[PDB]
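*Asks:*
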Ligand SMILES: [Zn+2]
Ligand SMILES: [Zn+2]
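Protein chains in written order, with this note's numbering: chain A, 677 to 691; chain B, 244 to 299.
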């Protein structure tokens, strides 16, 4: 089960 | 060769958010919470490719 976690409410944009 | 970027969840909500798994057949992404996935599953399949009890 390839798990791609893309939470993008407040913390979804690194650097 | 490998990408697909298809958000096909029981939600009916096209949104890549939270933890999402790839349906082995149709190569979509779906939120673990709605489908009741374990993330550590051998091979996950959406309710279209492999009907599973969905109580949401
Ligand atoms: Zn969902
Ligand atoms: Zn599927």
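We treat Cβ as the ideally placed atom computed from N, Cα and C, and that holds for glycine.
1. Taking 9 angstroms as the CB-CB limit, is residue 679/A close to chain B?
2. Considering only C-alpha positions, which residue in the set 278/B, 262/B, 277/B, 270/B is nearest to residue 244/B?
3. Span of the beta strand (DSSP E) holding residue 263/B?
4. Can you give the Cα-Cα distance for residue 283/B and residue 688/A, rounded to whole angstroms?
5. Give, in chain order, every residue of the stretch 261 to 289 of chain B whose Cβ lies closer than 8 angstroms to some Cβ of chain A.
*Replies:* The structure says:
1. To locate residue 679/A, count along the first chain from 1; it is residue 3. It does: the Cβ of residue 679/A has a partner Cβ on chain B nearer than 9 angstroms.
2. Locating residue 244/B in the second chain gives position 1, where the first residue counts as 1. Ranking the options by Cα distance to residue 244/B, first place goes to 270/B.
3. Here residue 263/B refers to the residue found at position 20 of the second chain. Residue 263/B -> beta strand (DSSP E) spans 262 to 265.
4. On the second chain, position 40 is the one that residue 283/B refers to. On the first chain, position 12 is the one that residue 688/A refers to. Near 23 angstroms, if we compare the C-alpha coordinates of residue 688/A and residue 283/B.
5. Interface annotation for the stretch 261 to 289 of chain B against chain A: 261, 262, 263, 264, 265, 272, 275, 280, 281, 282, 283, 284, 285, 286, 287, criterion Cβ-Cβ distance under 8 angstroms.
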